[PDB]
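Colleague: Sharing a structure here in C-alpha cells format.
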Amino acid sequence: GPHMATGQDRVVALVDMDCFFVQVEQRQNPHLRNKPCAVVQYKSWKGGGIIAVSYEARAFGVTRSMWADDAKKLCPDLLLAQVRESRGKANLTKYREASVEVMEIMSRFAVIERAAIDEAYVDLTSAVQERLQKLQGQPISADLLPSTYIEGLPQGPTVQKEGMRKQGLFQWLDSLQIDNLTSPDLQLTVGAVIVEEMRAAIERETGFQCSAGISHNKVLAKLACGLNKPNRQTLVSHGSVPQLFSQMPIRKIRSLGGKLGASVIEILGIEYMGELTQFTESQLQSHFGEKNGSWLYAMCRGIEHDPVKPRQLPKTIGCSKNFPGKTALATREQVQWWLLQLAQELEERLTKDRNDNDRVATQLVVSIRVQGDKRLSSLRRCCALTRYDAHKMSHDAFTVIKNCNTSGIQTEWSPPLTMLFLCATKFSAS
DNA sequence: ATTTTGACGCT
DNA sequence: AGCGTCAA
Ligand SMILES: Nc1ncnc2c1ncn2[C@H]1C[C@H](O)[C@@H](COP(=O)(O)OP(=O)(O)OP(=O)(O)O)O1
Ligand SMILES: [Ca+2]
Ligand SMILES: [Mg+2]
C-alpha cells in the first residue's frame with residue numbers, strides 16, 4: 001500500500017532512429033528517398049549482406065541478414081547502397097559520424113546514454129519539472145503531441161490509423177489532472193511533449209526521422225519505442241503495464257531475447273511477461289540468480305532502477321574482419337598484411353578520437369578465430385597501447401597471437417585464421 | 001559464407 | 001584478465 005514503491009520516480013525516453021543506415025544513404029542520395037532500398041556490405045558473395053532496410057522494402061519481406069541476391073527475388077526493384085570499403089574492409093565511418101550528429105542534438109535537451117549507434121536513453125525527470133513550472137497549471141493540448149500514441153488507448157464504449165491515435169490521445173488528455181505537479185502520468189505527458197520537441201529538432205537539423213518511447217524506466221521506454229515505429233512515439237504509463245504485459249512474449253523485453261529468456265520460459269512454463277508476477281522474488285532468484293531474480297520480480301510489475309548513464313561517447317573503438325571459407329588467412333604475410341590494414345583503420349579512428357574527445361586509449365585487445373573452432377573467438381589477449389602507430393599496433397598484435405600458429409613451417413599459419421579483431425580500450429583523459 | 005560492431009556480466 | 005551473453 002503506502003510503502004509499495006511503484007517505480008514512477010523518473011521520466012525516461014529512448015530515441016531510436018528509423019532504418020538508420022538507410023536514412024543516412026537517402027539523405028546523401030535523393031534518388032533513394034521514398035523507395036524500397038537497403039544498405040549492403042560487400043557484393044561478390046550473393047550480392048552482399050543486407051544490414052538495413054527501408055520500410056517500403058520491408059513491405060516486400062526484405063530483412064536484415066538476407067543476401068541481396070535473395071532480397072532481389074522478393075523485391076526486383078530494390079535499390080541498394082553499399083557500405084564504403086577502405087583498406088580491404090567495410091568502413092562504418094559515415095554512420096558513426098551521422099550518429100554523432102544526432103547524439104549532439106539530443107544532448108542539448110538532457111543527459112544522454114548512448115546505447116547504440118542510433119539509440120540513446122534520455123533522463124527527462126529534471127526537464128519535466130522545469131517545464132511543469134513554466135506551464136503554470138495550464139492543460140496540455142493534443143496539438144503539442146502530434147505523433148504520440150498512448151499505449152492501451154482508446155478503450156471502452158474511425159477505422160483509420162491516425163483516427164485511432166487521436167482517439168486514444170484525447171481519452172488520455174481528458175483524464176489527466178494537470179494541477180498536480182507530482183502526478184506520474186502528468187510527468188510522462190510533459191516528457192512526451194519534450195520528446196516531440198527533441199524529435200522535431202533531430203529531423204529539422206539532420207533530415208533523419210526517429211521513433212521514441214516515453215516511460216518511467218529504460219526497459220519500458222525501449223519496449224514503448226518499438227510499439228509504433230516508424231516516425232512515431234509511444235507513452236507507456238505505469239497503469240498500462242498489466243494489460244501490455246499480459247500478452248507480451250518474454251523475449252520482447254530487453255535482455256530476455258536470448259538464453260536467459262528461453263530458460264525463464266522453459267523452467268517456469270510461462271510465455272508472457274505478465275505471468276512472472278505469480279512468482280515470489282526468492283523463487284525467481286532461485287532459478288535465475290540474485291541479480292536477475294530481483295530484476296525480473298520488479299520488471300514484470302513495470303519497475304526498473306537501472307540509471308540513464310551519462311555517457312555520450314563509445315567506451316571502445318574496434319575494427320574487425322571475418323575471413324570465411326577459402327579466404328581464411330593461411331600465410332604469415334597474409335596475417336601481417338591484414339593486421340596492418342585493421343591497425344591503420346584503428347589508428348585513423350583513434351587519432352580523430354583523441355583530437356575530438358581529449359582522451360587516449362591505453363590497452364589494445366587482439367582477438368582471433370581459428371578455422372575449426374566452434375567459438376566465435378579462439379583467443380583474446382590484451383597488451384599495452386602506448387603509441388597511436390599502426391605499424392607498432394600490428395606488430396604487437398602479431399606478437400600476442402603468433403604462438404597460436406601450430407604449423408612447423410615458418411611460412412604457413414595453421415589452423416587458418418577466420419577472423420581478426422583489434423580493439424582499443426581503457427581510455428584516460430589527455 | 002551475414003558482418004561489423006559495442007556494453008556489460010561472470011569468475 | 002579472458003570468456004560469454006545480448007544487443008545494434
Ligand atoms: N546485425 C547487424 N549487423 C550490422 N549492422 C547492424 C546490425 N543490426 C543493425 N545494424 C546497423 C544498421 C542499422 O541501420 C543500425 C540500427 O540498427 P537497428 O536499430 O536495429 O535497425 P534500423 O535502424 O535499421 O531499423 P529500425 O527502424 O527498425 O530501428 O545499426
Ligand atoms: Ca533504429
Ligand atoms: Mg537501435
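Here's how to read the names in the C-alpha cells: chain A, B, ... by the order shown, residue numbers from 1 in each chain, ligand numbers from 1 in the order shown.
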Compile the residues of chain A that lie within 7 Å of chain C, evaluated using only C-alpha atoms (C1' of nucleotides), and express the compilation as a ChimeraX atom specification.
Modeller: /A:116-117,255,258,380
Colleague: Residues up to 10 Å from ligand 3, counting only C-alpha atoms (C1' of nucleotides) and all ligand atoms: could you list those as a PyMOL selection string?
Modeller: (chain A and resi 14-20+115-120+210-211+222+226) or (chain C and resi 7-8)
Colleague: Output N, CA and C atoms (P, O5', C5', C4', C3', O3' and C1' of nucleotides) of each residue in that selection to a file, as an mmCIF file, in the first residue's frame.
Modeller:
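Result file out_19.cif:
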data_model
loop_
_atom_site.group_PDB
_atom_site.id
_atom_site.type_symbol
_atom_site.label_atom_id
_atom_site.label_comp_id
_atom_site.auth_asym_id
_atom_site.auth_seq_id
_atom_site.Cartn_x
_atom_site.Cartn_y
_atom_site.Cartn_z
ATOM 1 N N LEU A 14 13.578 6.689 -24.694
ATOM 2 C CA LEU A 14 14.507 6.006 -25.581
ATOM 3 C C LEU A 14 14.210 6.473 -26.992
ATOM 4 N N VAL A 15 15.206 7.060 -27.645
ATOM 5 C CA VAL A 15 15.081 7.533 -29.018
ATOM 6 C C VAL A 15 15.856 6.569 -29.900
ATOM 7 N N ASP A 16 15.206 6.086 -30.963
ATOM 8 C CA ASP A 16 15.760 5.072 -31.861
ATOM 9 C C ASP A 16 15.540 5.547 -33.298
ATOM 10 N N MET A 17 16.619 5.797 -34.047
ATOM 11 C CA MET A 17 16.465 6.264 -35.424
ATOM 12 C C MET A 17 15.792 5.204 -36.288
ATOM 13 N N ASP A 18 14.934 5.647 -37.200
ATOM 14 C CA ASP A 18 14.305 4.702 -38.121
ATOM 15 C C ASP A 18 15.257 4.296 -39.233
ATOM 16 N N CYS A 19 15.293 2.988 -39.518
ATOM 17 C CA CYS A 19 16.138 2.374 -40.559
ATOM 18 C C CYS A 19 17.394 3.211 -40.787
ATOM 19 N N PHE A 20 18.221 3.312 -39.747
ATOM 20 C CA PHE A 20 19.224 4.373 -39.677
ATOM 21 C C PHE A 20 20.165 4.456 -40.877
ATOM 22 N N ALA A 115 23.238 4.196 -26.336
ATOM 23 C CA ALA A 115 23.011 2.779 -26.152
ATOM 24 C C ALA A 115 23.440 2.005 -27.369
ATOM 25 N N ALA A 116 23.458 2.659 -28.512
ATOM 26 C CA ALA A 116 23.937 2.014 -29.722
ATOM 27 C C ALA A 116 24.169 3.120 -30.734
ATOM 28 N N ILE A 117 24.603 2.734 -31.936
ATOM 29 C CA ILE A 117 24.966 3.748 -32.924
ATOM 30 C C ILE A 117 23.806 4.690 -33.229
ATOM 31 N N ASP A 118 22.574 4.230 -33.059
ATOM 32 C CA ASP A 118 21.409 5.022 -33.430
ATOM 33 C C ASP A 118 20.384 5.103 -32.311
ATOM 34 N N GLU A 119 20.812 4.866 -31.071
ATOM 35 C CA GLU A 119 19.849 4.828 -29.976
ATOM 36 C C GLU A 119 20.454 5.496 -28.765
ATOM 37 N N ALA A 120 19.631 6.295 -28.077
ATOM 38 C CA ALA A 120 20.071 6.866 -26.812
ATOM 39 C C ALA A 120 18.913 6.990 -25.835
ATOM 40 N N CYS A 210 12.872 9.511 -36.498
ATOM 41 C CA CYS A 210 13.118 8.516 -35.473
ATOM 42 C C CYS A 210 11.814 8.209 -34.766
ATOM 43 N N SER A 211 11.869 7.156 -33.970
ATOM 44 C CA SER A 211 10.788 6.795 -33.070
ATOM 45 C C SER A 211 11.270 6.976 -31.637
ATOM 46 N N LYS A 222 12.224 1.527 -23.920
ATOM 47 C CA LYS A 222 12.676 0.773 -25.105
ATOM 48 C C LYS A 222 11.522 -0.045 -25.691
ATOM 49 N N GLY A 226 9.294 0.650 -29.731
ATOM 50 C CA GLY A 226 9.005 -0.268 -30.818
ATOM 51 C C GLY A 226 7.536 -0.454 -31.144
ATOM 52 P P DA C 7 18.595 -9.476 -26.130
ATOM 53 O "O5'" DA C 7 19.226 -8.181 -26.804
ATOM 54 C "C5'" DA C 7 19.459 -7.053 -26.017
ATOM 55 C "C4'" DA C 7 20.360 -6.096 -26.755
ATOM 56 C "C3'" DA C 7 19.752 -5.542 -28.069
ATOM 57 O "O3'" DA C 7 19.648 -4.137 -27.977
ATOM 58 C "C1'" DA C 7 22.013 -6.199 -28.342
ATOM 59 P P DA C 8 18.868 -3.277 -29.088
ATOM 60 O "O5'" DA C 8 19.958 -3.142 -30.229
ATOM 61 C "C5'" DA C 8 19.708 -2.370 -31.352
ATOM 62 C "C4'" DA C 8 20.937 -1.564 -31.656
ATOM 63 C "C3'" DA C 8 20.958 -0.953 -33.043
ATOM 64 O "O3'" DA C 8 21.691 0.264 -33.041
ATOM 65 C "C1'" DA C 8 22.679 -2.573 -32.877
#
Colleague: Just need the residues of chain B within 8 Å of chain A, counting only C-alpha atoms (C1' of nucleotides), so spit them out as a VMD selection string.
Modeller: chain B and resid 1 to 6
Colleague: Enumerate, as JSON, numbers by chain, the complete set of residues in segment 203-307 of chain A that a backbone-based DSSP assignment places in strand (DSSP E or B).
Modeller: {"A": [210, 211, 212, 213, 214, 215, 233, 234, 235, 249, 272]}
Colleague: So which one's closest to residue 55 of chain A, A:188, A:99, A:358, A:231? Using only C-alpha atoms, please.
Modeller: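 Closest candidate: A:231.
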Colleague: So which residues of segment 328-426 of chain A fall under alpha helix (DSSP H) by DSSP, listed as a ChimeraX atom specification?
Modeller: /A:332-357,390-401
Colleague: Figure out the distance between atom CA of residue 360 of chain A and atom CA of residue 402 of chain A, please, to one decimal in Å.
Modeller: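 Here the two named atoms are 26.6 Å from each other.
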Colleague: Tell me which of A:126, A:29, A:187, A:160 sits closest to residue 80 of chain A, counting only C-alpha atoms.
Modeller: A:29
Colleague: Using only C-alpha atoms and all ligand atoms, pick whichever of A:102, A:200, A:10, A:209 has the shortest atom-to-atom distance to ligand 1.
Modeller: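 Going through A:102, A:200, A:10, A:209 one by one, the smallest distance to ligand 1 is for A:209.
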Colleague: For the atom pair atom CA of residue 287 of chain A and atom CA of residue 260 of chain A, what is the interatomic distance in Å to one decimal place?
Modeller: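 Going from atom CA of residue 287 of chain A over to atom CA of residue 260 of chain A, I get 10.3 Å.
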